[PDB]
Each structure stands twice: as structure tokens, then as C-alpha cells.
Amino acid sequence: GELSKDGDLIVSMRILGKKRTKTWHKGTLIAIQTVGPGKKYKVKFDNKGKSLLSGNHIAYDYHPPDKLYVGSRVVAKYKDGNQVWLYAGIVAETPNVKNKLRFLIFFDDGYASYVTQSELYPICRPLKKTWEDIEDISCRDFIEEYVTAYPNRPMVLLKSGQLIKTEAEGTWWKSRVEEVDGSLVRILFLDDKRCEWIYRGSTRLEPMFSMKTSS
């Protein structure tokens, strides 16, 4: 079942591939094979290794041109402090005034951040329902609900200095709003002193949880 091409996927192209670590890495597409129900894509990584991958586990090595939309399946730069990885997610918001022309990404592990146009890459063959390859069931469920409800996004209006409870790991914690950036809020957990950027429509934020529990 060997192919030299599949539409715009051509043997020899540059590509990103998902490693068993779930991080993504640069490489070359060296083969295309039909195996049972679909195609598999053989990637030789630049640094080390080879993998045989489904089409939702490869991404183009170019940045999207208004091509992407809410629900788009992407690989993006996941920056948390001074650590950076390429990791899969979903486009939650496209560039606009309120967000200073950035993309909001909801990553497959539950992380959220804004990224620039030059920090994301379109997955080559996403699933029709783009969330159906998210492994973590809580994340998968959340994204299905979010994408389906879009553009109805209930959010809480929060101000710097405001004190609220924020959930983490099953506990509701005293916290403080440090900063607002578009649809994200930087929450300081007051017992720990760590910060987290959280979506203003997340029911981890007390005012958002309370609204939903009553509604």
C-alpha cells in the first residue's frame, strides 16, 4: 500500500511528528503506507529516531496563514516559565483586539496560553471532531463542550487585587487575581505563592463555579 504522496503530504517534505513522550519534533516524511483502515506516515526525526504515525500525529512545518478557527487542531509552543516544548492542543480563540492578535491554545493536558502566529503549526489530518484524539477524558470532554458551545462563552469579570477561591487538585484555595490578559487571568495561590493562568470561563474560578451550580 505504498504512496509517494497523499494530497499535500509528499514523501521528502519537512514535518513535525509526535513522539511517544507526547512532545513533537522536527523531521522528514520518508514513507506513506496504507495499513488496514487508514494511512500511516513514516517520519525520520532530525535529532533521533523514526516513527510510524497516524495523520493526526503529524503537523506541517509552517505557520498557518485566518486559516485556523476555534476548534482547530494544532501543535504549539508550550511555554511555562523557562521551559518550552512543542505540544498538541486546540485553538480556543483567534486573533482579535481584546487579545492583542494572539491565538488562545487549550493544550491536551489542560494548560492554557496565548501564542503568536509564528508559534503554532496545523496538524496534517485532524479528526473531524477534533477533540476525539485527546487522551485525557476530562480534557476531551471540556473541549467538546467548549467548541460546541462557541461562541457562547460565559466568563467572570475579575480585577487585579480581587480575592477569590480557585480550585486545584480537589481543594478550593484562597487566591488573588494578579493580572488580566484577554480571556485569561493570572491567579496567585496565597498559601503556596505560585501563579497559574486560568481561563475566565473556567469553573475552577469560584465566581464561575457558583454561577453554574445555581444555574
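Numbers follow the displayed sequence, beginning with 1.
Unmodelled residues of the deposited sequence between neighbouring positions residue 65 and residue 66 number 1 to 3. Checked against the record, the higher mean CA B factor of 34-42 and 185-193 lies with 34-42. Mean CA B-factor, 110-118 versus 76-84: the higher value falls on 76-84. Ranking 154, 161, 49, 151 by the C-alpha B-factor listed in the PDB entry places 49 at the top. Remark: residue 105 belongs to the lowest third of its chain, ranked by C-alpha B-factor as recorded. Placement of the Cα temperature factor of residue 205 within the chain: lowest third of the modelled residues, per the deposited record.
Ranked by Cα temperature factor within the chain, residue 198 sits in the lowest third according to the deposited record. When the CA B factors of the chain's modelled residues are split into thirds, the value for residue 97 lands in the highest one. Among the modelled residues of its chain, residue 56 has a C-alpha B-factor that falls in the lowest third according to the deposited record.
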